4 protein chains.
Amino acid sequence: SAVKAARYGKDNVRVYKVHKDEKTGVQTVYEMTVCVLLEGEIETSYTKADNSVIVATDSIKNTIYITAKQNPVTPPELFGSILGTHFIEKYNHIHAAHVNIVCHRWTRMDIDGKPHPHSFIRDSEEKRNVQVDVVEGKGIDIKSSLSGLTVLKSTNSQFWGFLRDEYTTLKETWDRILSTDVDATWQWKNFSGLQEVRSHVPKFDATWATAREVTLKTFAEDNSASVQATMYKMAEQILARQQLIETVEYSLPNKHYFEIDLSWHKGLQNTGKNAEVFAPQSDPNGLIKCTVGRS
Amino acid sequence: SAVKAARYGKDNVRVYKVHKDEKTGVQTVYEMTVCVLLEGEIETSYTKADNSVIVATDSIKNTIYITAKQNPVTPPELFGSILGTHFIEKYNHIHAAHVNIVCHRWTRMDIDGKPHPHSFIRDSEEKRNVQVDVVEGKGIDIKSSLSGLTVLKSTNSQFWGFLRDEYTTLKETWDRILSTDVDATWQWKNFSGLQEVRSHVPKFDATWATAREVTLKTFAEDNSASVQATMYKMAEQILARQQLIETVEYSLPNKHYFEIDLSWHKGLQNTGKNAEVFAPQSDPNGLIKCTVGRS
Amino acid sequence: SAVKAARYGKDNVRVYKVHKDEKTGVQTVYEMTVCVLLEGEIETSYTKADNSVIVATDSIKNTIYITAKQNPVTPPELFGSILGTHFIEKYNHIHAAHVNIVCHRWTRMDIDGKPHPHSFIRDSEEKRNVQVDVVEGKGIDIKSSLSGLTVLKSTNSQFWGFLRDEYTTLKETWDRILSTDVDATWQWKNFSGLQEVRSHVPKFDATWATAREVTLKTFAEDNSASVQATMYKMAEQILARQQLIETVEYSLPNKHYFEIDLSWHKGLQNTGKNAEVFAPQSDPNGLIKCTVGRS
Amino acid sequence: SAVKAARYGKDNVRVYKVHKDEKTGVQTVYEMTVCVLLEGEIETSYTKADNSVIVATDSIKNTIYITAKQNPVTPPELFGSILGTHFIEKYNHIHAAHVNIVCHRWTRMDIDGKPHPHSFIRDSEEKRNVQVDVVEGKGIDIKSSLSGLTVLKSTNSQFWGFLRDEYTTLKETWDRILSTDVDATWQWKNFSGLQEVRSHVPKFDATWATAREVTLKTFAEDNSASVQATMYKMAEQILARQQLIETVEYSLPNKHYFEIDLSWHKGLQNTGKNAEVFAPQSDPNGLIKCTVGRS
Ligand code: NA
Ligand code: NA
Ligand code: NA
Ligand code: NA
């Protein structure tokens with residue numbers, strides 16, 4: 001037999017960092033969950049019981065903490081690049097590092113209309129993520145994303161004109177609820193290395209912000225013909241506002257809210273234009289994906 | 001053998017309701033998860049296979065939808081009271097109804113600084129809950145709560161002066177991180193029935209708001225001597241602002257963020273006043289509870 | 001204001017213990033999750049910022065490990081009794097200890113038809129639990145349970161003869177699927193203290209075994225008239241086989257499997273006696289509870 | 001802009017099927033969760049709001065039920081192949097179908113040492129999965145797997161000889177606990193289509209069985225030098241017993257059980273050879289992956 005591929009590392013590394021402005025007294029926290037997987041000339045660990053090639057996952061964990069101590073952890077695209085570059089530069093036999101970072105929200109509390117200096121709230125489970133692949137001799141591949149952004153619009157979504165055949169029971173509609181959990185990924189142009197990533201650092205938060213804004217505005221304002229159509233419109237605008245983006249990927253469930261016919265009870269009218277009470281469905285759900293790139 | 005106690009019903013009933021202001025065009029959504037458990041003279045269903053006494057849980061589900069269609073679903077204390085009262089009034093052999101409601105957040109989206117008429121976002125997993133017990137001849141017992149309110153303060157929490165003995169390894173501290181998931185319950189004075197509940201309807205949202213505000217303000221401003229001390233201060237203020245409240249209960253985990261000693265690495269200074277990078281602990285966690293009432 | 005009730009402690013304490021038979025070479029593992037909540041004269045921690053009365057939750061955690069090191073951890077009813085008794089005996093101002101233990105399964109692996117000496121498998125998420133309340137001057141209250149026992153029978157369940165009114169749409173049936181997650185609790189007679197608990201130690205595993213067996217046999221053999229009826233039959237037998245049990249409580253969801261009408265497609269026959277493909281429903285679900293005691 | 005890639009479909013489709021042997025009276029159940037994602041000439045749904053190319057996800061759901069009604073659902077490799085082939089054969093503009101199936105366990109109950117004809121138990125959360133990719137003109141690509149197989153061995157695992165540098169704090173050990181959740185995937189040689197898949201149907205359950213057995217036996221009998229080494233030995237044997245397998249992939253977390261030093265308490269000895277009580281760690285965890293193919 002032969003090893004075709006191999007990676008190993010430490011997953012679910014939770015990290016908190018605080019920043020304290022000794023002048024203002026203002027504190028800022030960052031919390032994330034880190035995964036680092038390494039690749040290289042490690043095959044003999046598997047086939048010959050040779051642990052000499054193994055950088056212990058425990059040591060990988062240590063490195064994460066130390067790197068966070070010595071470098072900024074924001075924006076996460078920079079921190080992930082610094083951490084992955086470390087492993088390939090530091091170990092000769094290690095040629096690729098895969099760094100996944102999930103950023104948790106800690107939003108500054110407003111008290112009495114004033115921003116509080118050291119108190120924070122988790123104002124949703126929405127995540128900001130990065131996947132950073134650092135490969136010896138091939139630079140730094142960064143995919144940024146937002147996930148867990150849960151939205152609903154109560155009208156101005158439609159779905160008619162789809163294929164109808166003998167498997168079809170769904171009725172066309174000109175007014176429905178649209179709810180989804182947004183997963184959006186933007187892939188940056190390859191960077192030659194850390195110097196290039198650092199030259200672009202302001203672009204990372206601004207583009208996350210843009211992506212979020214565009215996502216929210218388009219969902220709220222588009223009179224949606226389908227999930228497919230609306231998501232293309234989001235991807236298009238993002239690509240239009242940030243030239244260093246190569247592709248935008250969207251993955252969107254369609255979380256169904258079913259009308260409930262109550263006519264069997266005293267002729268109660270609860271469908272179509274009289275629809276007021278709906279049953280959210282846990283499963284199944286539609287799943288719509290698309291990757292948009294430059295033409 | 002004998003049946004000492006029995007209840008049965010329908011759990012995990014998801015419900016959505018939309019309200020449409022035909023004048024403004026503004027829509028407002030409500031989403032909740034409902035549990036209804038009934039008690040009464042139903043013992044023979046268990047001992048004699050006599051299903052005649054059973055109101056099918058399927059029918060309970062139907063009733064929930066119909067009630068939501070015909071009545072306001074907000075505030076949830078009122079809706080739960082209406083639903084529980086229905087079952088005890090409608091069925092002779094049913095003498096108590098237990099209604100649990102979890103309200104999910106759907107917060108109106110602001111677009112371009114303007115509030116959007118029909119688009120919403122789940123701006124956290126914080127829940128607003130009610131437990132409503134409706135008992136034939138004993139009125140309506142309501143417990144209101146907020147849960148899943150996740151907060152963190154990065155300083156102005158202390159913990160020193162606790163009991164030290166041969167089981168103790170914890171060091172006293174004058175500056176630590178405090179993070180918790182707030183579970184807060186306020187128990188209303190018993191209501192004689194629906195008319196009384198309706199007479200108090202404005203008090204329910206205002207008190208939820210107050211409880212939330214007090215909870216947030218006190219956490220952010222208290223230089224906490226312990227979780228115990230801070231939570232008492234919250235309970236006290238709530239009781240002070242709403243006389244129809246009999247008791248306030250708080251249940252607060254202490255979600256530990258451990259200092260990481262990096263001194264073993266190039267003498268890196270990361271503890272005490274140099275503490276910048278911390279390891280959030282998933283488990284174990286402290287759990288602190290208290291019920292405060294009127295003196 | 002005044003403190004009406006208070007408890008505090010350490011939750012989610014994961015513990016593993018190994019036992020090694022140096023003669024046979026056979027090893028046996030135990031894994032559990034422990035919660036310990038204490039009550040006593042601790043009110044001033046809340047009202048006066050007085051931490052002197054607080055046994056740190058960190059120390060509670062330590063005590064758990066030490067107790068497990070020095071005592072058997074099986075059966076869990078004994079271990080919980082030892083741990084709770086410790087806190088009330090050791091601290092003067094602490095008058096009650098609440099110990100919750102969840103036991104995780106680690107079942108010995110059979111290899112080549114032979115039992116393996118030190119390898120184990122998690123052969124389900126079924127748990128064995130105990131809740132032990134140790135109260136100064138009132139002895140030791142133990143509730144034992146099994147939970148997460150998921151079963152299904154594909155026929156020999158019925159549900160007809162229930163109440164029908166204008167809220168009812170459910171059809172009577174003489175053949176349906178019955179699936180549930182079994183939660184069963186048996187409450188022991190109060191014990192005067194540890195000596196009495198130790199005198200009964202063999203009864204704890206045998207009764208857990210009996211409860212499980214009775215639960216499984218009755219579910220499989222009863223031609224069920226309803227969930228209510230079947231669960232009473234389980235409770236009754238358990239009470240009949242173990243006199244030191246005061247009450248048996250059962251909590252059983254009814255996890256619905258809905259028939260799917262495929263007649264709209266080429267007249268496909270998939271209901272009633274032709275029912276072959278079903279849609280498991282995630283929610284809502286029926287929830288049926290009962291407490292059976294001695295008559 | 002341009003669409004680079006696109007797929008859409010229905011996820012989280014729960015399906016139950018019962019088989020009844022009218023001769024023996026014996027019933028057999030199958031429960032699974034299905035995801036079907038389609039690809040083809042659908043780009044205009046995204047860019048031109050053209051829903052004519054869309055096979056509604058609702059219809060996909062229907063098709064799943066109908067296919068299960070008309071075909072065997074076991075082994076899942078066959079059922080997934082039948083379902084994916086359907087979509088590409090049935091719709092001209094649809095050129096690929098991606099079918100994911102998770103099979104849930106429903107193990108026949110033994111009562112009184114006798115197998116019960118219609119009662120089942122979920123004897124773990126271990127899953128049997130298939131991923132089936134059906135691509136017009138390129139045949140049928142099947143990946144089979146088991147997942148959620150949770151095991152532990154209490155001794156006969158070692159980890160020494162790894163790389164030590166200034167990031168390393170981990171100590172070498174010759175005796176530790178090894179616990180993991182097994183995720184194992186075997187990739188079949190490409191099949192030309194359904195006829196070929198059907199010719200191999202007996203090989204699918206036998207190979208799942210083999211993979212499981214080899215996995216269990218090797219974990220229990222290997223005196224493990226590392227996770228890497230042990231998993232290679234599993235992959236190798238599987239490849240050796242089934243020639244139609246092209247590659248075997250393993251993904252294995254290392255779920256750490258940390259020694260607890262209790263020496264600070266009355267000189268309690270709980271480490272190294274005296275190690276009896278351990279603290280399972282929820283996070284972080286090691287993550288070890290490898291793909292083994294034919295040499
Ligand atoms: Na390198
Ligand atoms: Na009544
Ligand atoms: Na005491
Ligand atoms: Na086709």
# chains A, B, ... in the order shown; residues from 1 in each chain; ligands from 1

call {"tool": "interface_residues", "arguments": {"of": "chain C", "to": "chain D", "cutoff": "9 Å", "atoms": "only C-alpha atoms", "output": "PyMOL selection string"}}
result
chain C and resi 13-20+27-29+31+62+65-66+68-69+106+109+111-112+116+118-126+149-156+213+216-217+219-221+257+260+262+265+268+270+275-282

call {"tool": "select_by_dssp", "arguments": {"residues": "range 12-216 of chain B", "states": "strand (DSSP E or B)", "output": "PyMOL selection string"}}
result
chain B and resi 12-20+27-40+55+94-104+107-111+114-121+127-135+139-153+157+159+163+173+178-188+191

call {"tool": "residues_near_ligand", "arguments": {"ligand": "ligand 3", "cutoff": "7 Å", "atoms": "only C-alpha atoms and all ligand atoms", "output": "compact mmCIF listing (two decimals) with C-alpha atoms, in the first residue's frame"}}
result
# COMPACT_ATOMS: atom_id res chain seq x y z
CA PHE C 87 -19.76 17.91 51.68
CA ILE C 88 -22.35 18.01 54.45
CA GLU C 89 -20.12 16.22 56.94
CA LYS C 90 -17.05 18.22 56.03
CA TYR C 91 -18.51 21.72 56.10
CA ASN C 92 -20.57 22.91 59.06
CA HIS C 93 -22.51 25.63 57.21
CA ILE C 94 -23.29 23.34 54.24
CA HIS C 95 -26.46 21.37 54.91
CA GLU C 136 -28.30 17.05 56.84

call {"tool": "atom_distance", "arguments": {"atom1": "CA of residue 36 in chain D", "atom2": "CA of residue 248 in chain D"}}
result
23.8 Å

call {"tool": "residues_around", "arguments": {"residues": "residue 246 in chain C", "least_positions_apart": "2", "cutoff": "12 Å", "atoms": "only C-alpha atoms", "output": "count of residues only"}}
result
30

call {"tool": "select_by_dssp", "arguments": {"residues": "range 161-206 of chain D", "states": "alpha helix (DSSP H)", "output": "list in words"}}
result
residues 194, 195, 196, 197, 198, 199, 201, 202, 203, 204, 205 and 206 of chain D

call {"tool": "atom_distance", "arguments": {"atom1": "CA of residue 252 in chain A", "atom2": "CA of residue 130 in chain D"}}
result
23.1 Å

call {"tool": "residues_around", "arguments": {"residues": "residue 80 in chain C", "least_positions_apart": "6", "cutoff": "8 Å", "atoms": "only C-alpha atoms", "output": "JSON, numbers by chain"}}
result
{"C": [99, 100, 101, 130, 131, 132]}

call {"tool": "closest_residue", "arguments": {"among": "D:64, D:234, D:34, D:55", "to": "ligand 4", "atoms": "only C-alpha atoms and all ligand atoms"}}
result
D:55

call {"tool": "residues_around", "arguments": {"residues": "residue 204 in chain B", "least_positions_apart": "5", "cutoff": "9 Å", "atoms": "only C-alpha atoms", "output": "NGL selection string"}}
result
:B and (75-78 or 144 or 209)
